[PDB]
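The chain below stands alone and is given in structure tokens; this is the form deposited without the named molecule.
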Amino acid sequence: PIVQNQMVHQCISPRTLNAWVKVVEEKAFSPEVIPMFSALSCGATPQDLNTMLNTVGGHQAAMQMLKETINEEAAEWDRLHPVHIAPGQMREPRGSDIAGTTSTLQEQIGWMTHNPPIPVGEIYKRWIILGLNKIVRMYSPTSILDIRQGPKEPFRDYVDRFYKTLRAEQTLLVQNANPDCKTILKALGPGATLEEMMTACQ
């Protein structure tokens, strides 16, 4: 990554490398993996971002879909930012330079520490997160329409499943509740908070 000592390059740590590998192994593409990726890739160069992605052993269907999203975003960058070099001067980054495939670590450091900075690490992380959100959505197992409260299921456990599913996918909470809780929630009226609904069906 690039961090303050002045902004300088540091090697990606074994702790960071191990943390990302283990979260993907344990959680796959559950929605909470994306905030973890963003946090573990704080200050990351494009090289560091590729390192994190390439160290993942499984899920190569997802990793191939991520490449497609990256190539789509890279092509859109080139359309908006065409490139035209002067000896010892900074070249303009194309899409593949931002993605780390045609740029060196020194060029990436040169862009990220410039004044004003050309934040190639943050631009590329945005493309990666965009691709990761699409993977989270596709690998979401259930529709919100099929999350309904069981006859003896606690309302809290049902609401956990409801908003877990909604997070992966992205009135109905009351409609999908069981007969006993639904009748209570209808009686509360409009403008009921989640807290009040959960207290009522407790």
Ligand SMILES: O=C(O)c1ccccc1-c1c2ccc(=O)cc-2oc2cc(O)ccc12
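Note that the rigid core is defined as the largest set of C-alphas that superpose within 1.5 Å between two forms. When you see a residue number, it is the position in the sequence shown, counting from 1.
After superposing on the rigid core, the larger RMS C-alpha deviation in 6 other deposited structures of this protein belongs to 6 to 14, the other candidate being whichever of 6 to 14 and 183 to 191 remains. In the other compared entries of this protein that model both flanking residues, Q89 lacks coordinates in at least a third of them. According to the PDB entry, the deposited sequence contains 10 or more residues between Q170 and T171 that lack coordinates.
In this entry, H84 is separated from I85 by 1 to 3 residues of the deposited sequence that have no coordinates. If you average the C-alpha B-factors over 127 to 135 and over 89 to 97, the higher value belongs to 89 to 97.
Judged by mean Cα B factor in the deposited record, 22 to 30 ranks above the other of 22 to 30 and 46 to 54. Note on the listed residues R148, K164, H59, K152: the highest Cα temperature factor in the record is that of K152. In the deposited entry, the Cα temperature factor of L17 sits in the bottom third of values across the chain's modelled residues.
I109 sits in the middle third of its chain by CA B factor, as recorded in the PDB entry. Among the modelled residues of the chain, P117 sits in the highest third by CA temperature factor in this PDB entry.
Another form, the form deposited with the named molecule bound, is not on view; read the next lines as being about it.
Proximity of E73 to the named molecule in the entry with it bound falls within the 4.5 Å heavy atom cutoff. When the named molecule is considered in the entry with it bound, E122 lines it closely, a heavy atom lying within 4.5 Å.
In the entry with it bound, at least one heavy atom of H81 sits within 4.5 Å of the named molecule. Within this chain, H114 is remote from the site of the named molecule in the entry with it bound, having no heavy atom within 4.5 Å.
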